[PDB]
Amino acid sequence: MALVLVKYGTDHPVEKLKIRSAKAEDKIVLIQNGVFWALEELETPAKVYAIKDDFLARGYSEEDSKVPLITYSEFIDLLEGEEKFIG
């Protein structure tokens, strides 16, 4: 399996699926309900980032996320032909 979706909370790496498949040199983001990973009982060594707009749209505040809160546009830079961690 790939992990190319992060809009149902818990269905990609950051703070579980990551141990099963990640490295420190890995790249990930959270959106919609996927922002629920920024508040788990684990860690990442991979670059994680929630989508601020979706987190805001999920009734959170910017200090609530134990992960950085990027724009949809900062996410796009992480891709640019790395088309195996989307969502």
# chains A, B, ... in the order shown; residues from 1 in each chain; ligands from 1
$ residues_around --residues "residue A:22" --least-positions-apart "4" --cutoff "9 Å" --atoms "only C-alpha atoms" --output "ChimeraX atom specification"
/A:13-14,17-18,26-27,44-46
$ closest_atom_pairs --of "stretch 10-44 of chain A" --to "stretch 53-58 of chain A" --cutoff "7 Å" --atoms "only C-alpha atoms" --output "CSV"
residue,atom,partner,partner_atom,distance
A:31,CA,A:54,CA,5.7
A:32,CA,A:54,CA,4.9
A:35,CA,A:55,CA,6.0
$ write_last_selection --atoms "N, CA and C atoms" --output "JSON list (two decimals), in the first residue's frame"
[["chain", "number", "residue", "atom", "x", "y", "z"],
["A", 31, "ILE", "N", -4.12, 16.99, 6.70],
["A", 31, "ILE", "CA", -5.22, 17.85, 6.26],
["A", 31, "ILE", "C", -6.53, 17.48, 6.97],
["A", 32, "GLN", "N", -7.64, 18.12, 6.61],
["A", 32, "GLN", "CA", -9.01, 17.95, 7.11],
["A", 32, "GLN", "C", -9.06, 17.44, 8.56],
["A", 35, "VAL", "N", -5.44, 16.23, 10.59],
["A", 35, "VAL", "CA", -4.84, 17.08, 11.61],
["A", 35, "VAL", "C", -4.85, 16.45, 13.01]]
$ atom_distance --atom1 "atom CA of residue A:68" --atom2 "atom CA of residue A:52"
8.4 Å
$ closest_residue --among "A:48, A:16, A:59, A:1" --to "residue A:33" --atoms "only C-alpha atoms"
A:59
$ atom_distance --atom1 "atom CA of residue A:4" --atom2 "atom CA of residue A:42"
20.9 Å
$ select_by_dssp --residues "chain A" --states "helix (DSSP H, G or I)" --output "list in words"
residues 17, 18, 19, 20, 34, 35, 36, 37, 52, 53, 54, 55, 56, 72, 73, 74, 75, 76, 77, 78 and 79 of chain A
$ residues_around --residues "residue A:50" --least-positions-apart "6" --cutoff "9 Å" --atoms "only C-alpha atoms" --output "number ranges by chain"
A: 28-31, 34-35, 37-38, 65, 67-71, 75
$ atom_distance --atom1 "atom CA of residue A:15" --atom2 "atom CA of residue A:80"
24.1 Å
$ residues_around --residues "residue A:5" --least-positions-apart "3" --cutoff "8 Å" --atoms "only C-alpha atoms" --output "short mmCIF file (atom, residue, chain, number, x, y, z; two decimals) with N, CA and C atoms, in the first residue's frame"
data_model
loop_
_atom_site.label_atom_id
_atom_site.label_comp_id
_atom_site.auth_asym_id
_atom_site.auth_seq_id
_atom_site.Cartn_x
_atom_site.Cartn_y
_atom_site.Cartn_z
N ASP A 11 -5.06 7.66 9.09
CA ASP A 11 -4.83 6.73 7.98
C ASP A 11 -3.55 7.02 7.16
N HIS A 12 -2.44 7.41 7.82
CA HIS A 12 -1.15 7.74 7.18
C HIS A 12 -0.05 7.85 8.27
N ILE A 86 1.10 11.62 -0.49
CA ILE A 86 0.18 12.73 -0.72
C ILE A 86 -1.01 12.62 0.26
N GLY A 87 -2.01 13.49 0.11
CA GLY A 87 -3.30 13.25 0.71
C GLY A 87 -4.01 14.50 1.10
#
$ closest_residue --among "A:72, A:77, A:2, A:66" --to "residue A:21" --atoms "only C-alpha atoms"
A:2
$ closest_residue --among "A:78, A:25, A:19, A:63" --to "residue A:49" --atoms "only C-alpha atoms"
A:78
$ select_by_dssp --residues "chain A" --states "strand (DSSP E or B)" --output "ChimeraX atom specification"
/A:27,30,47,50-51,69-70
$ write_last_selection --atoms "N, CA, C and O atoms" --output "PDB file, in the first residue's frame"
ATOM      1  N   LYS A  27       8.897  12.525   4.283  1.00  0.00           N
ATOM      2  CA  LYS A  27       8.132  13.749   4.080  1.00  0.00           C
ATOM      3  C   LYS A  27       6.663  13.397   4.241  1.00  0.00           C
ATOM      4  O   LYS A  27       6.245  12.352   3.748  1.00  0.00           O
ATOM      5  N   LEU A  30      -0.531  16.785   7.096  1.00  0.00           N
ATOM      6  CA  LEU A  30      -1.888  16.450   7.576  1.00  0.00           C
ATOM      7  C   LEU A  30      -2.915  17.443   7.058  1.00  0.00           C
ATOM      8  O   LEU A  30      -2.628  18.635   7.053  1.00  0.00           O
ATOM      9  N   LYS A  47       9.617  15.023   8.234  1.00  0.00           N
ATOM     10  CA  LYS A  47       9.149  16.387   8.280  1.00  0.00           C
ATOM     11  C   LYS A  47       7.635  16.275   8.192  1.00  0.00           C
ATOM     12  O   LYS A  47       7.114  15.692   7.237  1.00  0.00           O
ATOM     13  N   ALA A  50       0.941  20.101   9.549  1.00  0.00           N
ATOM     14  CA  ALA A  50      -0.485  20.132   9.251  1.00  0.00           C
ATOM     15  C   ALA A  50      -0.766  21.326   8.339  1.00  0.00           C
ATOM     16  O   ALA A  50      -0.037  22.319   8.338  1.00  0.00           O
ATOM     17  N   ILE A  51      -1.861  21.253   7.596  1.00  0.00           N
ATOM     18  CA  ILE A  51      -2.424  22.359   6.852  1.00  0.00           C
ATOM     19  C   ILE A  51      -3.183  23.198   7.844  1.00  0.00           C
ATOM     20  O   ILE A  51      -4.218  22.785   8.373  1.00  0.00           O
ATOM     21  N   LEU A  69       2.419  24.324  11.199  1.00  0.00           N
ATOM     22  CA  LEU A  69       1.121  24.591  10.604  1.00  0.00           C
ATOM     23  C   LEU A  69       1.307  25.439   9.367  1.00  0.00           C
ATOM     24  O   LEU A  69       1.211  26.668   9.388  1.00  0.00           O
ATOM     25  N   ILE A  70       1.571  24.738   8.275  1.00  0.00           N
ATOM     26  CA  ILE A  70       1.954  25.319   7.010  1.00  0.00           C
ATOM     27  C   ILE A  70       0.717  25.664   6.190  1.00  0.00           C
ATOM     28  O   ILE A  70      -0.408  25.292   6.529  1.00  0.00           O
TER      29      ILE A  70
END
